[PDB]
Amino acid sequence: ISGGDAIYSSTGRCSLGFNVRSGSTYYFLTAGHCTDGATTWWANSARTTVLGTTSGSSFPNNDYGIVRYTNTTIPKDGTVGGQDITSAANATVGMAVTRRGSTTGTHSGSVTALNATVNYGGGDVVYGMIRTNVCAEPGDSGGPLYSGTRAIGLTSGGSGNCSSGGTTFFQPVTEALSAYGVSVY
């Protein structure tokens, strides 16, 4: 399983952001709004292939979570679909980026702003977000935003859609890596 693939919790479906590790312990990052209140994650809608259990979740304010793998045999590729990821980097205005998600697949665009505040309502406000002109749709939450072999962010939310065009906000992945003491591979 790799970045952008579907993940299912008890409540719905999100996308895997990036496979990451600490020592010998493997985890995957995804959106905090997906990890909030989920305990177990599976690889399929039938819930027959377990992936693992939530180990951390930060939403609102931030929008990242991490799941520790409990499935021993599933391949945990350090890629996004077939694309290799080798490092993490900070987003910059004008940077060409690509997103992959379980509903819409792969779409490209550029970073249009940094440190944006996104208010999803009901007190769910997230800060410090990357703004882009890449589209996204339900199911794409938590998937990776990358640039070449560089990990940049995790899909959080936005508006519009892929048919007409949209704006999507992503959580900087560097912050998550740091919070959990993990790294891409």
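All residue numbers are counted from 1 along the displayed sequence.
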| query | finding |
| --- | --- |
| Higher-scoring stretch by recorded Cα B factor average, 160 to 168 or 12 to 20 | 160 to 168 |
| Entry-level comparison of average CA B-factors, 32 to 40 and 114 to 122, reporting the higher stretch | 114 to 122 |
| Highest-ranked of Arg47, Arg131, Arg68, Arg150 once sorted by CA temperature factor in the record | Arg47 |
| Given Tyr127, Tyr146, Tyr26, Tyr64, the residue at which the Cα B factor reaches its maximum | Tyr26 |
| Ranked against its chain, the third holding the CA B-factor of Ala6 | lowest |
| Lowest, middle or highest third - CA B-factor, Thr103 | lowest |
| Relative C-alpha B-factor of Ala89, binned into the chain's lowest, middle or highest third | middle |
